[PDB]
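Here is the structure we will look at, set down as structure tokens.
Naming: A, B, ... by sequence-line order, numbering from 1 per chain.
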Amino acid sequence: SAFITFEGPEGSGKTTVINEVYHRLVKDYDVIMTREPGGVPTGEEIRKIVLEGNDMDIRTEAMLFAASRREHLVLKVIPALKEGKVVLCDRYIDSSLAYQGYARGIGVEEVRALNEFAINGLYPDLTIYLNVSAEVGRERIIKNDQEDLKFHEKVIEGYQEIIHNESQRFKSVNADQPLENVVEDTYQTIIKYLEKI
Amino acid sequence: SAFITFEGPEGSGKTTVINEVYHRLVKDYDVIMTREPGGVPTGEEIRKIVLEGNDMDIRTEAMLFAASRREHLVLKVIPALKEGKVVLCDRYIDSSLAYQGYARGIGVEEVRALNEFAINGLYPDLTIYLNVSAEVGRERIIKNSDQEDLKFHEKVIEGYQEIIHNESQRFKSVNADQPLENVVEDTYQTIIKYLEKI
Ligand SMILES: COc1c(CN2CCC[C@H](n3cc(C)c(=O)[nH]c3=O)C2)ccc(C(=O)O)c1Oc1cccc(Cl)c1
Ligand SMILES: COc1c(CN2CCC[C@H](n3cc(C)c(=O)[nH]c3=O)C2)ccc(C(=O)O)c1Oc1cccc(Cl)c1
């Protein structure tokens, strides 16, 4: 089994990359694609609160992302890993660190303490970071707003801080390349990891 | 202003005590009494999720209590303290520490880290602990309204004892084994003594 998370800002080609990698990995592995809350009832109810809300306090929002994360982990990720599956998870702890911690200004270490309470030691076996420049990412967003551009840049700044501080489970993939190449580099990185157990 | 929380297991007479004490304090102070989620919409929605929880993971439950706590703090407690009010809050961080941390077995320090993220430095000025023995508490439970329940009740008390031993300075322990008229009087006097020193 393997718990593989995918991280990156919007415009990193993350959706395309996960779908294409899933289609190739399913040939050799029992694999699932998921994201939080991912159909878990309590997580879906939490997601409705976060969305069908207005000017929610950023720490309340962070705790709700963390609660949805735990429900998804316990009821969906862990049972799939127990079945021997390769779980491809679109966004996990690092999204809260970059978005809530860095971009929203709560502080990465404070948000880390919150998310370590939520995941209780269940860090990914491997994390693919789709390393897109702010400029390429901006173009992909318009293809697929001053405050939005700055928030997009802050998210990237946050991910850079996170990866600089920890580089073991993290594998950075050049997401400025055409998506065919991003898919190939991501697939090869995953296979290299999986074939080592 | 003053932020006063009330803590204790079930059977400590906490409901009766806070209501009576509040009724007395309003004569002399600008005071409000509240509890979580206390009508705050997001908090009420969180409460529904917790109550509808089928064998909910204890850490998810702890994060939901913490999220309800922050909504209630931000929308109700902090604005009242900014107006110079005395805020009487029925259950706060120490309920999560005793119930989620100690009794449920997550660990007090882990639940403290979670709740410190939620309250962001807003600890109570004073915490009234209604110190009832497990035996008196057990009897009040059977009067007001099994083995697993008795053990959980004892564990909650044990947790509160550990918490107060580690943070004696913030707590004022009131003998809750006394008849409730006396518990009300001792609680009221402890609060007045604190308030008249501000
Ligand atoms: C409000 O956050 C959402 C967004 C906004 N945004 C997109 C970029 C990622 C971002 N995000 C995502 C995660 C996982 C996290 O921990 N922190 C974040 O800030 C969330 C977009 C769609 C949905 C959406 O799902 O429609 C969404 O709601 C969610 C998504 C995941 C979990 C929860 Cl509780 C709510
Ligand atoms: C499931 O917890 C509840 C209980 C059970 N129990 C009673 C003893 C106190 C206990 N409790 C209370 C708080 C504040 C906390 O942080 N942790 C706890 O374990 C909660 C009783 C009534 C309600 C009730 O409100 O009907 C309730 O729901 C709540 C209470 C406060 C906050 C939230 Cl999110 C749900």
### Query
Quick one: CD on B/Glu45 to CD on A/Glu45, what's the gap to the nearest 0.5 Å?
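Here the rounded value is 8.5 Å.
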### Query
Rounded to the nearest 0.5 Å, how far does CZ of A/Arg59 lie from CG of B/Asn120?
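Result: 3.5 Å between the selected atoms.
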### Task
Sort A/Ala62 into side chain, backbone, both or neither according to what part of it lies under 4.5 angstrom from a heavy atom of chain B.
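It is the side chain, since no backbone atom gets that close.
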### Query
So which part of A/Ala113 gets closer than 4.5 Å to some heavy atom of chain B, the side chain, the backbone, both or neither?
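A/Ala113 has no heavy atom closer than 4.5 Å to chain B.
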Greater than 12 external heavy atoms within 6.0 Å of [X]'s [atom1]:
| X | atom1 | answer |
| --- | --- | --- |
| A/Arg91 | CZ | yes |
| A/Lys154 | NZ | no |
| A/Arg35 | CZ | no |

### Task
Against chain B, work out which of A/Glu52, A/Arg70, A/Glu116 has the most heavy-atom pairs shorter than 4.5 Å and name it.
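So the answer, after comparing A/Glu52, A/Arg70, A/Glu116, is A/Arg70.
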Do [X] and [Y] sit in one hydrophobic cluster, given that two such residues count as connected whenever their side-chain heavy atoms are within less than 4.5 Å of each other, even indirectly?
| X | Y | answer |
| --- | --- | --- |
| B/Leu180 | B/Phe6 | yes |
| B/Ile192 | B/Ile198 | yes |
| A/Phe65 | A/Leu51 | no |
| A/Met63 | B/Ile78 | yes |
| A/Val26 | A/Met33 | yes |

#### Entry: chain A interface, residue from B/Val111, B/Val74, B/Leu75, B/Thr60 that has the most non-hydrogen pairs under 4.5 Å
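Most pairs with chain A among the choices: B/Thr60.
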### Task
Could you go through the side chain to side chain contact (heavy atoms under 4.5 Å, CB included) check for A/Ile46 and B/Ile46 one step at a time?
CA-CA 8 Å; A/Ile46 293 164; B/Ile46 293 164; over 6 Å; no
### Query
Non-hydrogen atoms of chain A under 4.5 Å away: do they reach the side chain of B/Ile106, the backbone, both or neither?
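Looking at B/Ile106, just its side chain touches chain A.
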### Query
Given that the side chain runs from C-beta out, which part of B/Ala66 has a heavy atom under 4.5 Å from chain A: side chain, backbone, both or neither?
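Both parts, backbone and side chain.
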### Pair B/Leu64-A/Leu64, side chain to side chain contact (heavy atoms under 4.5 Å, CB included): steps then yes or no
CA-CA 8 Å; B/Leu64 295 175; A/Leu64 295 176; 4.1 Å; yes
### Query
Do you know which two heavy atoms are closest between A/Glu110 and B/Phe117, and how far apart they sit?
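Smallest heavy-atom distance, with atoms named: O-CD1, 3.6 Å.
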